[PDB]
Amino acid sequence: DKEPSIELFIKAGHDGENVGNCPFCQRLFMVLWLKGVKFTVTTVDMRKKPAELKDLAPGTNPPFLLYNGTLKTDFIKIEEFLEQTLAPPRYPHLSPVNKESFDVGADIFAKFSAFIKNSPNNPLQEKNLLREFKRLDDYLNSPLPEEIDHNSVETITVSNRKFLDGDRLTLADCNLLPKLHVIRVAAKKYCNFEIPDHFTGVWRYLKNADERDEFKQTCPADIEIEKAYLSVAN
């Protein structure tokens, strides 16, 4: 058939130049990249929305998708829609086969959000976050139901999967990786917190991510993330 005209709008951030901090905006950015379809990206300052954003602008939030002249909102509706409209024949299927891959990377941003919100509770929060990281690390270390090798007599079997679900990026990776980036930048900057290196699984996971352009090149500048979280430390 024919090619769709697709435009993705994401928060500009800071001076209206470069891309701003929005994990869900980067997540949609990665999804369209993995699909391989032809699309364009626009950095949009919130104060002066461009002409195309005139009619549907009450308080609508940064991730915007303009598809074939039709505006779309709610990035969750957008994610499945792109997966639905981009069919396996001509485009990949990024949905993960195991639901746990989605579930491990869910509350971690919430546990971080309470942590980075500067507050007296600290060590319980950091331990709360560290437990969430170990759950991610323990899940990443544990082999999936596709790679157990039941006959193996090896005492120790440690998974070597590059990413969350398989050896290919998935929607769970698009959700988790932008959130993980914000966690590292903001926490080290404002809370002097680093993911402990003894968390071999998640540290391995982050290393494979930076080796791929789809994640690293869609990341906002470090300064953009820090400035959004300067206020929350008040």
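Numbers for residues come from their place in the sequence shown, where the first is 1.
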Quiz item: When the C-alpha temperature factors are averaged for each of 102 to 110 and 83 to 91, which stretch ends up with the higher value in the entry?
Solution: 83 to 91
Quiz item: Mean C-alpha B factor from the entry: is it higher for 67 to 75 or for 137 to 145?
Solution: 67 to 75
Quiz prompt | Maximum C-alpha temperature factor, selected from 97, 130, 164, 156 | solution = 156
Quiz item: Which of these has the highest Cα B-factor in the record: 201, 178, 196, 36?
Solution: 196
Quiz item: Going by what the PDB entry lists, where does residue 54 fall on CA B-factor within its chain: lowest, middle or highest third?
Solution: highest
Practice problem: Looking at the entry's B-factor column for C-alpha atoms only, identify whether residue 46 ranks in the lowest, middle or highest third of its chain. | Solution: highest
Quiz item: What third of its chain, lowest, middle or highest, does the C-alpha temperature factor of residue 228 fall into?
Solution: middle
Quiz item: Among the modelled residues of its chain, does the C-alpha B-factor of residue 160 lie in the lowest, middle or highest third?
Solution: lowest
Practice problem: Would you check the entry's CA temperature factor for residue 40 and let me know if it's in the chain's lowest, middle or highest third? | Solution: middle
